[PDB]
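Undergrad: Please read through the structure below; I'll follow up with questions.
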Amino acid sequence: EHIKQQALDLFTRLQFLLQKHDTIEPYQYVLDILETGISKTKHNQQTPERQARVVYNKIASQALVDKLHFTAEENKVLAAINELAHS
């Protein structure tokens with residue numbers, strides 16, 4: 001299904017957006033999470049929906065840990081990843 005590409009596109013879109021801040025250090029962990037989600041999905045591990053769930057949960061958690069403040073656009077993509085991870 002095209003669900004795989006859908007997931008990859010959401011992950012890369014978010015990676016792009018997260019690099020638009022004044023610094024990148026506070027976002028590196030989240031970028032690592034996305035790179036890993038992309039690798040796992042590219043290598044067909046579990047399902048794209050499962051990888052999206054993990055990416056979303058890990059980013060939501062890190063946002064607490066690194067006190068991250070996402071933009072409307074970033075939150076929109078994150079919500080889309082959460083949605084995909086539910087259906």
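Chain identifiers are assigned as A, B, and so on, following the order in which chains appear in the structure tokens; residues are numbered from 1 within each chain, and ligands are numbered from 1 in order of appearance.
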For residue A:81, work out the shell of residues within 8 Å, counting only C-alpha atoms and skipping chain neighbours fewer than 2 positions away, then give it as a PyMOL selection string.
TA: chain A and resi 7+10-11+52-53+56+77-79+83-85
Undergrad: Report as a VMD selection string: the residues of chain A with a DSSP assignment of helix (DSSP H, G or I), based on the backbone of this structure.
TA: chain A and resid 3 to 20 25 to 42 48 to 65 72 to 84
Undergrad: For residue A:30, find every residue with an atom within 12 Å (counting only C-alpha atoms), except residues of its own chain fewer than 4 positions away, and show them as a VMD selection string.
TA: chain A and resid 11 14 to 19 24 to 26 34 to 37 54 to 68 70 78
Undergrad: Mind dumping the selected residues with N, CA and C atoms as a PDB file, in the first residue's frame?
TA:
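Output saved as result-v3.pdb:
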```pdb
ATOM      1  N   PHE A  11       7.373  11.923   7.872  1.00  0.00           N
ATOM      2  CA  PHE A  11       8.606  11.977   8.656  1.00  0.00           C
ATOM      3  C   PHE A  11       9.614  12.970   8.077  1.00  0.00           C
ATOM      4  N   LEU A  14       8.429  16.604   8.521  1.00  0.00           N
ATOM      5  CA  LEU A  14       8.672  17.104   9.873  1.00  0.00           C
ATOM      6  C   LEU A  14      10.159  17.396  10.089  1.00  0.00           C
ATOM      7  N   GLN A  15      11.027  16.526   9.587  1.00  0.00           N
ATOM      8  CA  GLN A  15      12.467  16.747   9.725  1.00  0.00           C
ATOM      9  C   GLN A  15      12.859  18.092   9.116  1.00  0.00           C
ATOM     10  N   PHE A  16      12.283  18.401   7.960  1.00  0.00           N
ATOM     11  CA  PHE A  16      12.561  19.655   7.280  1.00  0.00           C
ATOM     12  C   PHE A  16      12.119  20.838   8.131  1.00  0.00           C
ATOM     13  N   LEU A  17      10.884  20.779   8.618  1.00  0.00           N
ATOM     14  CA  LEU A  17      10.341  21.862   9.426  1.00  0.00           C
ATOM     15  C   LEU A  17      11.133  22.130  10.700  1.00  0.00           C
ATOM     16  N   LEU A  18      11.557  21.064  11.372  1.00  0.00           N
ATOM     17  CA  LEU A  18      12.303  21.201  12.617  1.00  0.00           C
ATOM     18  C   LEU A  18      13.672  21.850  12.474  1.00  0.00           C
ATOM     19  N   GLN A  19      14.141  21.993  11.240  1.00  0.00           N
ATOM     20  CA  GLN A  19      15.435  22.614  10.981  1.00  0.00           C
ATOM     21  C   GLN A  19      15.286  24.108  10.689  1.00  0.00           C
ATOM     22  N   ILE A  24      19.554  24.248  16.426  1.00  0.00           N
ATOM     23  CA  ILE A  24      19.110  22.904  16.103  1.00  0.00           C
ATOM     24  C   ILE A  24      19.386  21.906  17.231  1.00  0.00           C
ATOM     25  N   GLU A  25      20.320  22.233  18.120  1.00  0.00           N
ATOM     26  CA  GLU A  25      20.638  21.331  19.228  1.00  0.00           C
ATOM     27  C   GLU A  25      19.422  20.826  20.014  1.00  0.00           C
ATOM     28  N   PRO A  26      18.495  21.721  20.397  1.00  0.00           N
ATOM     29  CA  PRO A  26      17.334  21.232  21.154  1.00  0.00           C
ATOM     30  C   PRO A  26      16.434  20.271  20.383  1.00  0.00           C
ATOM     31  N   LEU A  34      13.220  10.684  14.118  1.00  0.00           N
ATOM     32  CA  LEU A  34      12.681  10.657  12.769  1.00  0.00           C
ATOM     33  C   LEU A  34      13.572   9.859  11.824  1.00  0.00           C
ATOM     34  N   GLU A  35      14.884  10.000  11.967  1.00  0.00           N
ATOM     35  CA  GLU A  35      15.807   9.266  11.103  1.00  0.00           C
ATOM     36  C   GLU A  35      15.654   7.765  11.348  1.00  0.00           C
ATOM     37  N   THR A  36      15.476   7.391  12.609  1.00  0.00           N
ATOM     38  CA  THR A  36      15.305   5.992  12.966  1.00  0.00           C
ATOM     39  C   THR A  36      13.959   5.479  12.450  1.00  0.00           C
ATOM     40  N   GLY A  37      12.912   6.293  12.567  1.00  0.00           N
ATOM     41  CA  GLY A  37      11.610   5.886  12.067  1.00  0.00           C
ATOM     42  C   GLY A  37      11.686   5.674  10.565  1.00  0.00           C
ATOM     43  N   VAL A  54       5.315   4.899  17.171  1.00  0.00           N
ATOM     44  CA  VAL A  54       6.547   5.035  17.933  1.00  0.00           C
ATOM     45  C   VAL A  54       7.167   6.420  17.766  1.00  0.00           C
ATOM     46  N   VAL A  55       7.218   6.908  16.529  1.00  0.00           N
ATOM     47  CA  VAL A  55       7.777   8.225  16.255  1.00  0.00           C
ATOM     48  C   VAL A  55       6.981   9.286  17.008  1.00  0.00           C
ATOM     49  N   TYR A  56       5.658   9.230  16.895  1.00  0.00           N
ATOM     50  CA  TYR A  56       4.818  10.209  17.572  1.00  0.00           C
ATOM     51  C   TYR A  56       5.012  10.181  19.080  1.00  0.00           C
ATOM     52  N   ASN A  57       4.900   8.996  19.675  1.00  0.00           N
ATOM     53  CA  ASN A  57       5.051   8.863  21.120  1.00  0.00           C
ATOM     54  C   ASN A  57       6.426   9.315  21.594  1.00  0.00           C
ATOM     55  N   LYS A  58       7.474   8.948  20.866  1.00  0.00           N
ATOM     56  CA  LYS A  58       8.814   9.349  21.274  1.00  0.00           C
ATOM     57  C   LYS A  58       9.016  10.856  21.176  1.00  0.00           C
ATOM     58  N   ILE A  59       8.441  11.483  20.155  1.00  0.00           N
ATOM     59  CA  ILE A  59       8.580  12.926  20.007  1.00  0.00           C
ATOM     60  C   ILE A  59       7.768  13.660  21.078  1.00  0.00           C
ATOM     61  N   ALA A  60       6.554  13.189  21.346  1.00  0.00           N
ATOM     62  CA  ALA A  60       5.727  13.822  22.373  1.00  0.00           C
ATOM     63  C   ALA A  60       6.458  13.767  23.717  1.00  0.00           C
ATOM     64  N   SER A  61       7.092  12.634  23.988  1.00  0.00           N
ATOM     65  CA  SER A  61       7.833  12.452  25.226  1.00  0.00           C
ATOM     66  C   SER A  61       9.043  13.381  25.275  1.00  0.00           C
ATOM     67  N   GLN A  62       9.809  13.422  24.189  1.00  0.00           N
ATOM     68  CA  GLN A  62      10.991  14.268  24.161  1.00  0.00           C
ATOM     69  C   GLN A  62      10.624  15.742  24.278  1.00  0.00           C
ATOM     70  N   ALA A  63       9.470  16.124  23.740  1.00  0.00           N
ATOM     71  CA  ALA A  63       9.041  17.514  23.834  1.00  0.00           C
ATOM     72  C   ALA A  63       8.888  17.894  25.307  1.00  0.00           C
ATOM     73  N   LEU A  64       8.562  16.924  26.157  1.00  0.00           N
ATOM     74  CA  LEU A  64       8.448  17.196  27.589  1.00  0.00           C
ATOM     75  C   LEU A  64       9.863  17.301  28.150  1.00  0.00           C
ATOM     76  N   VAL A  65      10.685  16.309  27.824  1.00  0.00           N
ATOM     77  CA  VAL A  65      12.070  16.236  28.286  1.00  0.00           C
ATOM     78  C   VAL A  65      12.946  17.413  27.859  1.00  0.00           C
ATOM     79  N   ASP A  66      12.836  17.827  26.599  1.00  0.00           N
ATOM     80  CA  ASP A  66      13.641  18.938  26.105  1.00  0.00           C
ATOM     81  C   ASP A  66      12.895  20.266  26.057  1.00  0.00           C
ATOM     82  N   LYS A  67      11.707  20.306  26.657  1.00  0.00           N
ATOM     83  CA  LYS A  67      10.875  21.512  26.703  1.00  0.00           C
ATOM     84  C   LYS A  67      10.800  22.177  25.329  1.00  0.00           C
ATOM     85  N   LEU A  68      10.305  21.432  24.347  1.00  0.00           N
ATOM     86  CA  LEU A  68      10.207  21.925  22.980  1.00  0.00           C
ATOM     87  C   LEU A  68       8.885  22.617  22.669  1.00  0.00           C
ATOM     88  N   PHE A  70       6.743  23.580  19.461  1.00  0.00           N
ATOM     89  CA  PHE A  70       6.517  23.424  18.026  1.00  0.00           C
ATOM     90  C   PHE A  70       5.603  24.476  17.409  1.00  0.00           C
ATOM     91  N   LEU A  78       2.662  16.525  13.057  1.00  0.00           N
ATOM     92  CA  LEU A  78       2.673  15.568  14.158  1.00  0.00           C
ATOM     93  C   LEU A  78       1.296  14.951  14.344  1.00  0.00           C
TER      94      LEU A  78
END
```
Undergrad: So how many Å separate atom CA of residue A:29 and atom CA of residue A:51, to one decimal?
TA: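 Between atom CA of residue A:29 and atom CA of residue A:51 the gap is 16.5 Å.
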Undergrad: Which one of A:43, A:1, A:50, A:38 sits closest to residue A:13 if you count only C-alpha atoms?
TA: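 Ranking A:43, A:1, A:50, A:38 by distance to residue A:13, first place goes to A:38.
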Undergrad: Counting only C-alpha atoms, which of A:4, A:32, A:76, A:82 gets nearest to residue A:44?
TA: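 Smallest separation from residue A:44 among the options: A:4.
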Undergrad: Just give me the gap between atom CA of residue A:28 and atom CA of residue A:48 in Å, one decimal is fine.
TA: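 Computing it gives 22.3 Å between the two atoms.
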Undergrad: Could you jot down the atom CA of residue A:41 to atom CA of residue A:20 separation for me, Å, one decimal place?
TA: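 Pair atom CA of residue A:41 / atom CA of residue A:20 returns 24.5 Å.
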